[PDB]
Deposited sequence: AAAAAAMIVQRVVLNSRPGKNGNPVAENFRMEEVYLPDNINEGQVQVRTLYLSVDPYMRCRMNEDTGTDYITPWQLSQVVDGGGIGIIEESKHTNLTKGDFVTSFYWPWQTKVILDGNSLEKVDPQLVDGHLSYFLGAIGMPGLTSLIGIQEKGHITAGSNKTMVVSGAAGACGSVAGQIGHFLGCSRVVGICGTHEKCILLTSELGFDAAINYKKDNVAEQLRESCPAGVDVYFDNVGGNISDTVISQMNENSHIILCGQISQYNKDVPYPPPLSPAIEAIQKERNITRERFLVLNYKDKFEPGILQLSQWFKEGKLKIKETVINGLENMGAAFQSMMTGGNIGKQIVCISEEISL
């Protein structure tokens, strides 16, 4: 059998912008034999995620290698098994799925998923009922310091993306009385306020952010779910209250620069931080793998109850992996960027 796969073609440079050309699609034969403890899976969906930007650089786990197959989050279906708890027809996922239409994997690296949790919408396991959703829920639970009925105001940057779109709804579910998002287009702002329940949405590219935050957050900001960093965050931090908390989820505005992570705050912003006693600690969802079960069950519950709205942008075809990554990195996605493989 002949399958398609995607390999890393070129590096954009630690200070470069990633582009679709950094990837190349090829055709290869799929081995006709599977060893023991190994399974053959048909790839259904693949995720593209901002952390991948660092895997394209020569340094920072392992980076992708030129000419070798790329990998990342994926969901598929078992076609042939030689591993105990894995059977033809089982739906599985892995953080290291090769960007290839069909692949042979060691069952040990796979994890069975229950279609019932997502009402059969398997791509949701790569988003809101998956890692980004877990990141938002656990991040707010572990670093948000909210309380049922606090009347707190939360600001969310990267508000219309995978983590941000879920974080804002979760802020309201857990007690925030006001949730304001910051995103890059008016189309996203209207989606946030009209469908996801945000109280206000600011377009950082065209609106006066500072002024708009003053209007929409009349009582300051108690919680900042930060996905972008940079100048947007400085503006947000400026309007934050005493003893507030920044959930440091990501700093995507810095991912195409040669800087340390987490980026440090500018002198004046850091002074404000410390003076107001604002907490800003590193947060890595992988450090809470024991809350993954209850997180996923809670996220599923809220979705089944009609409370949690799940937005995704699906692109079709493996040949489009590089275009999807490039698109997500530049704001073309609303909600979770997904690639449908078959």
| Stretches with no C-alpha position, numbering per deposited sequence from 1 | 1-6, 67-70, 353-357
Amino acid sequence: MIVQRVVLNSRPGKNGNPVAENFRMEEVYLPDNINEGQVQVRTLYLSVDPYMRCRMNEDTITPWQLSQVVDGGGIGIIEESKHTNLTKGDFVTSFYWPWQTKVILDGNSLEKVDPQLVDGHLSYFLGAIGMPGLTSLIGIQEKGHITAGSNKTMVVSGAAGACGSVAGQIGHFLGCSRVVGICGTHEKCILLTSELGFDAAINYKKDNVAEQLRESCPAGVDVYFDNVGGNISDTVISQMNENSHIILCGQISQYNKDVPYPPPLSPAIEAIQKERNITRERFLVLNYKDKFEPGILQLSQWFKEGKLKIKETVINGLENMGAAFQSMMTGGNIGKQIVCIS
From here on, numbers count along this sequence of modelled residues.
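Rigid core: the largest C-alpha set superposing within 1.5 Å between the two forms.
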| More shifted region, core-based fit in 5 other deposited structures of this protein, 77-85 vs 99-107 by CA | 77-85
| note | Higher Cα RMS in 5 other deposited structures of this protein relative to the shown form (core alignment), 31-39 or 273-281, goes to 31-39
| field | Of 124-132 and 172-180, the one with larger mean CA B-factor | value | 172-180
| note | With B-factors read from the PDB entry, the higher C-alpha mean of 42-50 and 280-288 is in 280-288
| From 79, 226, 234, 199, residue of greatest CA B-factor | 79
| request: Go through 2, 6, 338, 341 one by one and give the residue whose Cα B-factor in the PDB entry is largest. | output: 2
| said: Could you place residue 216 in the lowest, middle or highest third of its chain by Cα temperature factor, using the values in the record? | reply: highest
| request: Ordered by C-alpha B-factor within the chain, which third holds residue 322? Give me lowest, middle or highest, please. | output: lowest
| request: Could you say whether, by C-alpha temperature factor, residue 143 belongs to the lowest, middle or highest third of its chain? | output: middle
| remark: residue 293: CA B-factor among chain residues, third -> middle
| How does residue 71 rank on Cα B-factor within its chain, lowest, middle or highest third? | middle
